[PDB]
Engineer: 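To start, I am sharing the structure in question, which I have written as C-alpha cells.
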Amino acid sequence: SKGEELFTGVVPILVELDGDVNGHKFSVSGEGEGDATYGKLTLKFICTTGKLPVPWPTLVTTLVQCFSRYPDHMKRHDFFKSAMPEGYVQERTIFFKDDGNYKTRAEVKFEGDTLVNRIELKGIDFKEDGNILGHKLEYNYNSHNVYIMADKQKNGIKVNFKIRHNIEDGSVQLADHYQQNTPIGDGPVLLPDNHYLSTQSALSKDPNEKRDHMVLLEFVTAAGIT
Ligand SMILES: [Cl-]
C-alpha cells in the first residue's frame, strides 16, 4: 500500500523541537535514521540553545511511530504508515506525578525522502526543585508498552501508557501519557483494533560531543493481536 511502501528501507529522520517549561525556553535538533523492517531508530539529539532545562529521558517520548515494526498479520492496524506521506498530527498531555505536565503538538510527515517530526512543547506547574527541573532522574529509559485504540470520531487513534523515570535515590517518577493522532491529509487511513507497541530504548553519550545531547537506539514492535 501507499504509506507502507515508503518504509521498506532505511529512511533519514529529522526532528526539531521548540519548548518552554515553566518559562525555561530551549530547542532540540535531532538527526538519524529509521528502518521499520526491524522497528529500529538510531538518533542523536542536540540542545541547540545551551543546557537542556529538563532531563533528556523526559523528552524521549516526545522526540515517529511510523517506524514501528508491524508484523505482517497486523498490517491493517498500522495507522502511522497509512497516513503517509501527508502525515499526521500527534498531540499529548504528559502528567508527571506530583509535579507539572507537558503538552505537546507535533506534525510528522515526509519532506522529500526525509521523515520529519516538528514539535512544540509546553510545560507548566513544575516544581523548580522537583525531579524534573531539579535534574534528579537517571539517564536511562525502561522498556514499556504503548496502548493504541481507534478514535473513529477524529479519523485517528487514541493512545495511552505509563512511563516510570528512574529517580536517582532509587524511587520512580511516574509520567502518565495521553496521546492522540489524526491525519493531516484527507486520504483514507487504517483505524486499528486494540493493540500495543512494545518499546525499548538505550540512551548513551557521544564521547566527542561537548554540547548537551542524547544518542538513542530504539526498537518498537506491534503486538497484541493473534
Ligand atoms: Cl532504580
Side-chain angles (χ1 to χ4, degrees), residues 14-31 41 43-65 88-108 116-148 158-182 197 199-206 209-216 218 220:
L14 296 169
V15 182
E16 291 290 320
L17 172 159
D18 286 330
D20 174 335
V21 173
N22 273 40
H24 299 284
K25 297 166 139 45
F26 60 95
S27 293
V28 171
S29 290
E31 292 180 24
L41 291 165
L43 300 162
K44 178 178 175 187
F45 301 89
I46 296 286
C47 175
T48 58
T49 46
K51 181 190 198 302
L52 191 70
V54 296
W56 280 105
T58 74
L59 297 186
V60 167
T61 54
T62 297
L63 293 168
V64 292
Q65 297 175 308
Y88 53 77
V89 176
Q90 181 163 296
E91 295 171 284
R92 294 218 183 85
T93 300
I94 301 170
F95 294 97
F96 293 89
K97 187 179 173 72
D98 296 328
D99 208 336
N101 61 86
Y102 293 162
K103 278 175 180 286
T104 63
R105 182 182 195 282
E107 286 187 16
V108 184
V116 176
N117 180 16
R118 291 175 171 94
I119 312 154
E120 294 288 304
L121 181 153
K122 190 68 166 294
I124 63 168
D125 284 334
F126 283 91
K127 290 171 174 171
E128 302 284 336
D129 32 296
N131 299 319
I132 291 80
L133 291 178
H135 294 277
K136 310 187 182 172
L137 301 178
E138 294 177 0
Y139 186 70
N140 49 39
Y141 186 89
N142 309 319
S143 298
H144 71 277
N145 293 152
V146 172
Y147 299 94
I148 298 181
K158 281 182 288 57
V159 178
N160 75 283
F161 54 98
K162 293 178 180 54
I163 290 318
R164 293 186 175 82
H165 296 295
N166 302 124
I167 302 168
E168 294 179 323
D169 67 359
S171 186
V172 157
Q173 168 67 68
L174 179 61
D176 276 298
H177 285 60
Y178 291 93
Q179 171 184 337
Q180 298 170 50
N181 294 63
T182 57
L197 307 182
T199 300
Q200 71 176 262
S201 189
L203 307 189
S204 57
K205 297 290 185 186
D206 175 351
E209 181 57 71
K210 298 294 97 61
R211 292 168 290 181
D212 199 354
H213 72 286
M214 168 174 74
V215 177
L216 171 154
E218 184 174 312
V220 185

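Numbering of residues begins at 1 and proceeds along the displayed sequence.
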Engineer: Would you confirm whether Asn142, through its side chain, and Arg164, through its main-chain N or O, come within 3.5 Å as a donor-acceptor pair?
Structural biologist: yes
Engineer: Could you give the distance from CD (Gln173) to CD1 (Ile167), rounded to the nearest 0.5 Å?
Structural biologist: 5.5 Å
Engineer: Any side-chain to backbone donor/acceptor pair from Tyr139 onto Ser204? Under 3.5 Å, distance only.
Structural biologist: yes
Engineer: Any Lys/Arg nitrogen of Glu107 or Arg105 sitting under 4.0 Å from an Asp/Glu carboxylate oxygen of the other?
Structural biologist: yes
Engineer: Using the ring pair (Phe, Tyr, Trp, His ring centres under 6.0 Å) criterion, which residues pair with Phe26? Sequence neighbours excluded.
Structural biologist: none
Engineer: Would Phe95 and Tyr102 satisfy ring-ring contact (aromatic ring centres under 6.0 Å, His included), going step by step from the backbone distance to the final call?
Structural biologist: CA-CA 7 Å; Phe95 294 97; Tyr102 293 162; over 10 Å; no
Engineer: More than 12 heavy atoms of other residues, nucleotides or ligands under 6.0 Å from NZ of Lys97: yes or no?
Structural biologist: no
Engineer: Minimum heavy-atom separation for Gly130 and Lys136, please, with both atom names.
Structural biologist: O-CE, 3.7 Å
Engineer: Where do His24 and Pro53 come nearest, in terms of heavy atoms and distance?
Structural biologist: CB-CB, 3.7 Å
Engineer: Compare all side-chain heavy atoms of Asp18 with those of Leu121 and state whether any distance is below 4.5 angstrom.
Structural biologist: no
Engineer: Would a 4.5 Å heavy-atom cut-off, applied to side chains only, mark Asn166 and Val172 as touching?
Structural biologist: yes
Engineer: Do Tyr147 and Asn145 meet the criterion of a side-chain donor-acceptor pair at a distance under 3.5 Å?
Structural biologist: yes
Engineer: If you measure from the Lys or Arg side-chain nitrogens to the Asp or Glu carboxylate oxygens, is any gap between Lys44 and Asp206 under 4.0 Å?
Structural biologist: yes
Engineer: Quick one: CD on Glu31 to CD1 on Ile46, what's the gap to the nearest 0.5 Å?
Structural biologist: 9.0 Å
Engineer: Drop me the distance from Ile132's CD1 to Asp99's CG, to the nearest 0.5 angstrom.
Structural biologist: 4.0 Å
Engineer: Is there a side-chain contact between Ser27 and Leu17 in this structure, where contact means two heavy atoms from C-beta onward sitting under 4.5 Å apart?
Structural biologist: no
Engineer: Mind checking whether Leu63 and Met214 have side chains closer than 4.5 Å, heavy atoms only?
Structural biologist: yes
Engineer: Between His144 and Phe161, does the ring-ring contact (aromatic ring centres under 6.0 Å, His included) criterion hold? Intermediate values first, please.
Structural biologist: CA-CA 8 Å; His144 71 277; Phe161 54 98; 5.3 Å; yes
Engineer: Assess the residue pair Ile94 and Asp176 against the criterion (side chain to side chain contact (heavy atoms under 4.5 Å, CB included)); give the C-alpha distance rounded to whole Å, side-chain angles, the decisive distance to 0.1 Å, and a yes or no.
Structural biologist: CA-CA 5 Å; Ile94 301 170; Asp176 276 298; over 6 Å; no
Engineer: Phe126 and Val21: side chain to side chain contact (heavy atoms under 4.5 Å, CB included), yes or no, with the steps?
Structural biologist: CA-CA 8 Å; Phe126 283 91; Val21 173; 3.7 Å; yes
Engineer: With sequence neighbours left out, what residues match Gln90 under side chain to side chain donor-acceptor pair (under 3.5 Å)?
Structural biologist: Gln179, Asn181
Engineer: To the nearest 0.5 Å, tell me how far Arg211 CZ sits from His213 NE2.
Structural biologist: 9.0 Å
Engineer: Are any side-chain N or O atoms of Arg92 and backbone N or O atoms of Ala106, one a donor and one an acceptor, separated by less than 3.5 Å?
Structural biologist: no
Engineer: Test side chain to side chain contact (heavy atoms under 4.5 Å, CB included) on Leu174 and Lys162; report intermediate values, then the result.
Structural biologist: CA-CA 7 Å; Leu174 179 61; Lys162 293 178 180 54; 3.8 Å; yes
Engineer: Quick one: does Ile163's side chain get under 4.5 Å of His177's, heavy atoms only?
Structural biologist: yes
Engineer: Would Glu120 and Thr104 satisfy side chain to side chain contact (heavy atoms under 4.5 Å, CB included), going step by step from the backbone distance to the final call?
Structural biologist: CA-CA 6 Å; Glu120 294 288 304; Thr104 63; over 6 Å; no
Engineer: Distance from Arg118 atom CZ to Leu14 atom CG, nearest 0.5 Å?
Structural biologist: 9.0 Å
Engineer: Restricting to non-hydrogen atoms, name the atom on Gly50 and the atom on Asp212 that form the minimum distance, rounded to 0.1 Å.
Structural biologist: O-CB, 3.7 Å
Engineer: At their closest point, which heavy atom of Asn22 faces which heavy atom of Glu128, and how far apart are they?
Structural biologist: ND2-OE2, 3.1 Å
Engineer: Taking the side chain as everything from C-beta on, heavy atoms only, tell me whether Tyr178 gets closer than 4.5 Å to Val159.
Structural biologist: no
Engineer: So, applying side chain to side chain contact (heavy atoms under 4.5 Å, CB included) with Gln65, which one of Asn117, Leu41, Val108, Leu197 is it?
Structural biologist: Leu197
Engineer: Distance from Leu216 atom CG to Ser201 atom OG, nearest 0.5 Å?
Structural biologist: 3.5 Å
Engineer: Find out whether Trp56 and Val28 are in side-chain contact, i.e. whether some heavy atom of one side chain is under 4.5 Å from a heavy atom of the other.
Structural biologist: yes
Engineer: Flag the pair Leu133 / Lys127 as yes when at least one side-chain heavy-atom distance between them is below 4.5 Å, and no otherwise.
Structural biologist: no
Engineer: Distance only, no hydrogens: is a donor on one side chain within 3.5 Å (strictly under) of an acceptor on the other, for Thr58 and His165?
Structural biologist: no
Engineer: When you look at CD of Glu138, are more than 12 heavy atoms from neighbouring residues, nucleotides or ligands closer to it than 6.0 Å?
Structural biologist: yes
Engineer: Is any side-chain N of the basic residue among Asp20 and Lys25 closer than 4.0 Å to the acidic one's carboxylate O?
Structural biologist: yes
